[PDB]
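Written below as structure tokens is the structure these notes are about.
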Amino acid sequence: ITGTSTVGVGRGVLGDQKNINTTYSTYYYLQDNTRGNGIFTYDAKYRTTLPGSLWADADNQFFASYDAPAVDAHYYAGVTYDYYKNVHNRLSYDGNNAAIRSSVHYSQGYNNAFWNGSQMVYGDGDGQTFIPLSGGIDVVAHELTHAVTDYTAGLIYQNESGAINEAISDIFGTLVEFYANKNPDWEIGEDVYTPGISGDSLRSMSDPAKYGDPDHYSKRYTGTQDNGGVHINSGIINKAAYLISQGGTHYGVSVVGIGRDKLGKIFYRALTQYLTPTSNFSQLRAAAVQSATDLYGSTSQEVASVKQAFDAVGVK
Ligand SMILES: CC(C)C[C@H](NP(=O)(O)CNC(=O)OCc1ccccc1)C(=O)NCCC(C)(C)C
Ligand SMILES: [Ca+2]
Ligand SMILES: [Ca+2]
Ligand SMILES: [Ca+2]
Ligand SMILES: [Ca+2]
Ligand SMILES: [Zn+2]
């Protein structure tokens, strides 16, 4: 909407206060004009018709319980935008400052979040498996990264290409979490998963097997559930990425860590220059090796570490 840029204040899902960029025209809207062609957050009002209505507030204060998922969807979309722009010189998900749209309060008891081809969508959870999912910065960045993938490599959402698609979202979700630097870790969704159970998460990149996901190609799922295991087999690539960054010895194969920033550069280049809609795990290895070669040179530690990491997870 047309209006003047304003700064509201509110409380997110976890009870933390933050400032949000809003727009004033009669109401204060969750419309941040400071980033690209805007970040827009909508109320789906417990229904499934999207996007719903652009979030309107009378006083620019967002401290109501109902406001919390909107505050976080809006704020964390801003952090994710900043990560892609500042770290990768990418302007929004399409590279041309496309407006970023999110809806919260989607459906009832909805234990998921997704990119629907056009926008991000967040359930509130059922209070048992999840609380409102926009409360996780890794979750928000995971969702926006699906948009980045769709505009770039275009990895088809099934089988190996789909598991790479998933891993890319977990990798960048985690790198954005580190970028914001509040309780960062290599776990996925810990801030919004199972409020009655401490210390767990939906997935682990450092040890995927702790939640039953494979950490080696020989343990891959080959059935048809979950689009051929896209949220399961992502563990194999998540583990490789973790090893590239942090190092370790895994099934007897030692990997020299090169750090998060270099991991991000290598995978961003692979995603945007080398991967295609049908890339499989072997092709991802080749893309990562080539990307590291471009960035650091064929004889570099970085290239050697990429090879070690894929070796460790059984991907040739
Ligand atoms: C980071 C987490 C919190 C959310 C993450 N959501 P996602 O974006 O991967 C779910 N997306 C999804 O299933 O896509 C399917 C889809 C395709 C095309 C259009 C619309 C939807 C996830 O791992 N969902 C799976 C959760 C489950 C089912 C394992 C509990
Ligand atoms: Ca208010
Ligand atoms: Ca964390
Ligand atoms: Ca995390
Ligand atoms: Ca928990
Ligand atoms: Zn996903």
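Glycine also receives a Cβ, built like all others from the backbone with ideal geometry; neighbour counts cover every protein chain displayed. Basis: the model, the stated rules and, where named, an outside source; these are not laboratory values.
Residues of segment 191-215 that are crowded, with 18+ Cβ neighbours inside 10 Å, in a loop (DSSP other than H, G, I, E, B) and more than 16 Å from ligand 3 (Cβ to nearest atom): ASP213, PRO214, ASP215. Out of the residues in segment 191-206 that are away from ligand 6 (no atom under 16 Å from the Cβ) and touching a residue at least 12 places away in the same chain (Cβ under 8 Å), state the one that is nearest to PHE114 (Cα to Cα). By that ranking, first place goes to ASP191. Among the residues making up segment 300-316, those that are closer than 12 Å to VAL255 by Cβ and either in contact (Cβ under 8 Å) with a residue 40 or more places away in the chain or under 24 Å from the mean Cα position of the chain (by Cα) (or both) are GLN301, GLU302, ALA304, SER305, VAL306, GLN308, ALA309, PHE310, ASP311, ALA312, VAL313.
Within segment 220-246, track down each residue that is away from ligand 3 (no atom under 16 Å from the Cβ) and either out of contact with any helix residue (DSSP H, G or I) (no Cβ under 8 Å at 6 or more places or on another chain) or not assigned by CATH to the domain that holds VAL192 (or both). Talk me through it step by step, then tell me what you get.
At the first step, the residues of segment 220-246 found to be away from ligand 3 (no atom under 16 Å from the Cβ) are 220-237, 239-241, 243-244.
If the condition is that a residue be away from ligand 3 (no atom under 16 Å from the Cβ) and either out of contact with any helix residue (DSSP H, G or I) (no Cβ under 8 Å at 6 or more places or on another chain) or not assigned by CATH to the domain that holds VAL192 (or both), then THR224, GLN225, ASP226 are the ones that fit.
For (1) under 24 Å from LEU202 (Cβ atoms); (2) away from ligand 4 (no atom under 16 Å from the Cβ), each residue gets a yes or a no:
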{"residue": "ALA73", "(1), (2)": "yes, yes"}
{"residue": "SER92", "(1), (2)": "no, yes"}
{"residue": "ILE100", "(1), (2)": "yes, yes"}
{"residue": "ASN112", "(1), (2)": "yes, yes"}
{"residue": "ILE131", "(1), (2)": "yes, no"}
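Taking segment 143-186 as the range and being of a type in the set (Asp, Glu) and either under 22 Å from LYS18 (Cβ atoms) or surrounded by fewer than 21 Cβ atoms within 10 Å (Cβ to Cβ) (or both) as the test, the residues that pass are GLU143, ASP150, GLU177, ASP185. The set of residues in segment 21-32 being of a type outside the set (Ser, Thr, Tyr) and in a loop (DSSP other than H, G, I, E, B) consists of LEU30 alone. Within segment 233-280, being in a helix (DSSP H, G or I) and surrounded by fewer than 24 Cβ atoms within 10 Å (Cβ to Cβ) holds for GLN246, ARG260, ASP261, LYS262, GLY264, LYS265, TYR268, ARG269, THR272, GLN273, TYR274.
Being farther than 15 Å from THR152 by Cα, without any contact (Cβ under 8 Å) to a residue 60 or more places away in the chain and among the aromatic types (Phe, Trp, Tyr) is the filter here; which residues of segment 93-114 pass it? Matches in segment 93-114: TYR110, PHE114. Per the listing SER103, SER118, the residue uniquely away from ligand 2 (no atom under 16 Å from the Cβ), in contact with a strand residue (DSSP E or B) (Cβ under 9 Å, 6 or more places away or on another chain) and farther than 28 Å from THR278 by Cβ is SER103. For segment 33-88, name all the residues that are away from ligand 1 (no atom under 16 Å from the Cβ), assigned to a loop (DSSP other than H, G, I, E, B), at negative phi and crowded, with 18+ Cβ neighbours inside 10 Å. Correct list: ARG35, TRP55. As a summary of the residue check, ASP294 satisfies the conditions (1) in a loop (DSSP other than H, G, I, E, B); (2) surrounded by fewer than 17 Cβ atoms within 10 Å (Cβ to Cβ) except for the one numbered (1).
Do you know which residues across segment 119-149 are more than 16 Å from the chain's Cα centre (by Cα), away from ligand 5 (no atom under 14 Å from the Cβ) and of a type in the set (S, T, N, Q)?
In the first step, residues of segment 119-149 are kept if they are more than 16 Å from the chain's Cα centre (by Cα); the result is 124-131.
Right, trim to away from ligand 5 (no atom under 14 Å from the Cβ) and you get 124.
Of everything in segment 119-149, nothing turns out to be more than 16 Å from the chain's Cα centre (by Cα), away from ligand 5 (no atom under 14 Å from the Cβ) and of a type in the set (S, T, N, Q).
Looking across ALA153, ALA167, one residue alone is within 12 Å of ligand 1 (Cβ to nearest atom) and among the small types (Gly, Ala, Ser). It is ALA167.
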